[PDB]
Amino acid sequence: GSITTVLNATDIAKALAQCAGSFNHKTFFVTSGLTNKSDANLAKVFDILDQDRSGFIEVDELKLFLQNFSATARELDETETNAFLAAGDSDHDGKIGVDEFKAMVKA
Ligand SMILES: [Ca+2]
Ligand SMILES: [Ca+2]
């Protein structure tokens, strides 16, 4: 269901507080607990993040990434969104698919 059926709330809070100034997706994946979740749980998280059901996380959905973990979190800035996309977009189509998401969280 909600994100705390996947992750611990305390871990989410720490991951959010530590990126208030500067976000790094690898740091967040570790602190939040995403890095140790099963592939199937990461496909669950992908479904949450893909707000328009397009099958891909587009850049407008990446700007809103943190708001899937707490409704009142901040938007990512452009450098942060660009770096997120560049780390995960292995097929170079400008957006993140579910296999890309599962891979980038753990490899
Ligand atoms: Ca989408
Ligand atoms: Ca892609």
# chains A, B, ... in the order shown; residues from 1 in each chain; ligands from 1
call {"tool": "residues_near_ligand", "arguments": {"ligand": "ligand 1", "cutoff": "8 Å", "atoms": "only C-alpha atoms and all ligand atoms", "output": "PyMOL selection string"}}
result
chain A and resi 49-58+61
call {"tool": "residues_near_ligand", "arguments": {"ligand": "ligand 2", "cutoff": "9 Å", "atoms": "only C-alpha atoms and all ligand atoms", "output": "ChimeraX atom specification"}}
result
/A:56-57,85,88-100
call {"tool": "closest_residue", "arguments": {"among": "A:59, A:65, A:76, A:1", "to": "residue 29 (chain A)", "atoms": "only C-alpha atoms"}}
result
A:65
call {"tool": "closest_residue", "arguments": {"among": "A:81, A:43, A:103, A:66", "to": "residue 19 (chain A)", "atoms": "only C-alpha atoms"}}
result
A:66
call {"tool": "residues_around", "arguments": {"residues": "residue 70 (chain A)", "least_positions_apart": "2", "cutoff": "10 Å", "atoms": "only C-alpha atoms", "output": "ChimeraX atom specification"}}
result
/A:3-4,9,12-13,16,65-68,72-74
call {"tool": "write_last_selection", "arguments": {"atoms": "N, CA, C and O atoms", "output": "short mmCIF file (atom, residue, chain, number, x, y, z; two decimals), in the first residue's frame"}}
result
data_model
loop_
_atom_site.label_atom_id
_atom_site.label_comp_id
_atom_site.auth_asym_id
_atom_site.auth_seq_id
_atom_site.Cartn_x
_atom_site.Cartn_y
_atom_site.Cartn_z
N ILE A 3 3.76 4.06 1.27
CA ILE A 3 5.21 3.85 1.27
C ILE A 3 5.72 3.20 2.55
O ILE A 3 6.76 2.55 2.53
N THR A 4 5.01 3.35 3.68
CA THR A 4 5.51 2.72 4.91
C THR A 4 5.10 1.26 5.01
O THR A 4 5.47 0.61 6.00
N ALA A 9 9.26 4.29 8.63
CA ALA A 9 9.06 5.73 8.69
C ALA A 9 10.29 6.45 9.23
O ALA A 9 10.59 7.57 8.81
N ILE A 12 12.77 6.82 6.40
CA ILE A 12 12.30 7.86 5.49
C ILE A 12 12.57 9.22 6.07
O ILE A 12 13.15 10.07 5.39
N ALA A 13 12.25 9.44 7.35
CA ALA A 13 12.50 10.75 7.95
C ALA A 13 13.98 11.11 7.90
O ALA A 13 14.32 12.25 7.57
N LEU A 16 15.04 11.99 4.31
CA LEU A 16 14.54 13.30 3.90
C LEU A 16 15.32 14.42 4.58
O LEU A 16 15.67 15.43 3.95
N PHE A 65 10.00 13.34 -6.79
CA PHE A 65 10.36 12.04 -6.22
C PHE A 65 10.13 11.97 -4.71
O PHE A 65 9.56 11.00 -4.21
N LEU A 66 10.64 12.96 -3.97
CA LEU A 66 10.58 12.88 -2.51
C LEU A 66 9.16 12.94 -1.98
O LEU A 66 8.93 12.47 -0.86
N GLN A 67 8.22 13.52 -2.76
CA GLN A 67 6.85 13.67 -2.28
C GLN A 67 6.08 12.35 -2.26
O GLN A 67 4.98 12.30 -1.69
N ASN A 68 6.63 11.31 -2.86
CA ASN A 68 6.10 9.96 -2.74
C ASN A 68 6.46 9.33 -1.41
O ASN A 68 5.82 8.33 -1.04
N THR A 72 4.73 16.32 2.09
CA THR A 72 5.18 17.70 2.27
C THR A 72 6.68 17.90 1.99
O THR A 72 7.20 18.99 2.25
N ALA A 73 7.38 16.89 1.46
CA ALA A 73 8.81 17.07 1.15
C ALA A 73 9.00 18.08 0.01
O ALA A 73 8.07 18.44 -0.71
N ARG A 74 10.26 18.48 -0.18
CA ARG A 74 10.56 19.47 -1.22
C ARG A 74 10.67 18.83 -2.60
O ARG A 74 10.88 17.61 -2.74
#
call {"tool": "closest_residue", "arguments": {"among": "A:7, A:30, A:64, A:71", "to": "residue 45 (chain A)", "atoms": "only C-alpha atoms"}}
result
A:7
